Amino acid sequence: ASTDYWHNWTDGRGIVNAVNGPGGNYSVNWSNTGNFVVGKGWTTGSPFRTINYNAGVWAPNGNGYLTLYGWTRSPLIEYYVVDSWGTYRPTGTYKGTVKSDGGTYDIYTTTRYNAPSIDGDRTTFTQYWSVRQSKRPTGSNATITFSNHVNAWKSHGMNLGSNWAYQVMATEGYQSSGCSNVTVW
């Protein structure tokens, strides 16, 4: 599938060299960062989307996530399906687990306050996570059947908003260095 959206956000610290490659491809090299999110996907998320991706390079040197990433509005939800990471495995309020795409993911909720949201302002919102129990092998074709996560989330009272903002296979980093290369379709 053709991704139609390019996501490149940095808070401004350090170097975040994000390359908008051809079609579904992108790379990032980063060093001395603060927080940043780069990814390719779709302007409007769907709870029915099967995301295919191939991380040709996944080489964080510190804290970074290789992860499905998106938002909904009404209510405002920032959500993740984390397939891999660097030094730090993200967690939250454990809600249970879901098996999907040859992996088992833990489900968490967190809540952000005094934190910048999609609309560019500091506010309060809820994060939904599926985080794989162990790092997913990279380098081969992988899929994320998002509906598996949407459903299992639902089973735990975690409902997504009616209004769907973007949905990307992303590289996210926090105060770290490294590189990635990911192809999304």
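Numbers for residues come from their place in the sequence shown, where the first is 1.
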(Q) When the Cα temperature factors in the entry are averaged, is it 77-85 or 94-102 that ends up higher? (A) 94-102
Q: Compare the mean C-alpha B-factor of 152-160 with that of 50-58 as given in the PDB entry, and name the stretch with the higher value.
A: 152-160
Q) Based on the PDB record, which member of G45, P137, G64, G34 exhibits the highest Cα temperature factor? A) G45
Q: Could you tell me which one of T10, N25, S176, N17 shows the highest CA temperature factor in the PDB record?
A: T10
Q | Lowest, middle or highest third - CA B-factor, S130 | A | lowest
Q) If you rank every modelled residue in this chain by C-alpha B factor, which third holds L68: lowest, middle or highest? A) lowest
Q | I144 by Cα B-factor - lowest, middle or highest third of the modelled chain | A | middle
